[PDB]
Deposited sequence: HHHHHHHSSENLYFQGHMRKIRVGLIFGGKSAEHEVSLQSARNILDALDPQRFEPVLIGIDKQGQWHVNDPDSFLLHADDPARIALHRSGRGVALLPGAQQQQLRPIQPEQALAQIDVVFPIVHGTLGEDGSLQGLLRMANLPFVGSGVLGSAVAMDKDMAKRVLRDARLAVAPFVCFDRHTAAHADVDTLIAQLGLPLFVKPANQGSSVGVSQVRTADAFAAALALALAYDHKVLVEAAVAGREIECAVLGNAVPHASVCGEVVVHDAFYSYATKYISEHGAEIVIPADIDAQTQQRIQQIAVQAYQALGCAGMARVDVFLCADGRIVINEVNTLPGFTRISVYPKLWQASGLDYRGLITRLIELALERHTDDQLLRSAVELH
């Protein structure tokens, strides 16, 4: 049996979603192959080891569900090769980590880097793919370069936002404008700017969340989401359409679904993603495909889109979780050897 270190929670608006994801994953984990070890991260950034039967407060109340802050702290020994995760006051050897920490550090490559420094195999994108997908500015430029269509846009920081010319922006990108912080860690900060006079306040709110803010042209078209799974040979799920409230499978052509599937895969490859991502695209009347977002940490509750998309493609939740673990171990094994060359 292999021990699966489920790390979840985080300083995030999505904190409760991560709680639910953890409970869902825990209940689907195949007991023939896996034993869980639970590490919860509270809303202050603090790590707590918990027992599976007692890691949640008010588990069955979605308005009150909270992390049991057991105060059982965690230590990581960088460069350790065994018992890398240690109790501050013993803990099962973890063999693979399934990180579902929502929030900037859980998503942006930082947590991934810590897991790398501890030599722990782990589920999902590695440092680069996470950092790159998470920064919507760098992601659009990378996508753009791989000749995938993304919304046209301009990016400002604090040092240049003070200089923004709304008329030139409206002349270039039109109206409405979508203003957003570059780090996709939160959905906070996103304003639809309908008139010229609303622009400055959008720009200033977004800059309280990140150092970079994208201002994008509106993309007119339907919203489609597509789940991707895999390392070197990624696979795409059937499509889900979001309505102006997700519909699975989306009401579109086999051939349209196929174009979107192919673009989701190329988008995934271009950013260097691994394990899993959800790709959200706009489908134009006419039907060009424009990528909105590649998300490297989808939801994993039973009501979440990413696993629903897989369910609708013939892949059960249990089976999805298992395959995410196997992918994490295959990547880890491959990386070992490469790390291994040197000196």
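Not built in the structure, per the record, are deposited positions 1-19, 109-111, 267-283, 383-384.
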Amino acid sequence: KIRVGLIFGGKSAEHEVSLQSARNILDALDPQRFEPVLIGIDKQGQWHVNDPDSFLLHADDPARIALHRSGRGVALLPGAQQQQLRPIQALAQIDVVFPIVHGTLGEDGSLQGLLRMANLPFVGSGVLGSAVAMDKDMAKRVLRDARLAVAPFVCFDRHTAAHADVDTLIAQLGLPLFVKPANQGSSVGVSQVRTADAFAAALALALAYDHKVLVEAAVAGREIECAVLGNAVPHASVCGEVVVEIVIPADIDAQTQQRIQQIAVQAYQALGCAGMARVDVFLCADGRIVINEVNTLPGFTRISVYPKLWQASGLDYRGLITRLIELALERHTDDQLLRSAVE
From here on, numbers count along this sequence of modelled residues.
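Higher mean CA temperature factor between 271-279 and 286-294: 286-294, per the PDB entry. Judged by mean Cα B factor in the deposited record, 170-178 ranks above the other of 170-178 and 133-141. The PDB entry assigns the greatest CA B-factor among 88, 213, 151, 128 to 88.
In this structure the maximum Cα B-factor among 243, 117, 111, 217 is found at 243. In the deposited entry, the Cα temperature factor of residue 18 sits in the middle third of values across the chain's modelled residues. Placement of the Cα temperature factor of residue 322 within the chain: lowest third of the modelled residues, per the deposited record. In this PDB entry, residue 227 carries a Cα temperature factor that places it within the lowest third of its chain's modelled residues. Sorting the modelled residues of the chain by their CA temperature factor places residue 249 in the highest third. Per the deposited record, the Cα B-factor of residue 266 falls in the lowest third when ranked against the other modelled residues of its chain.
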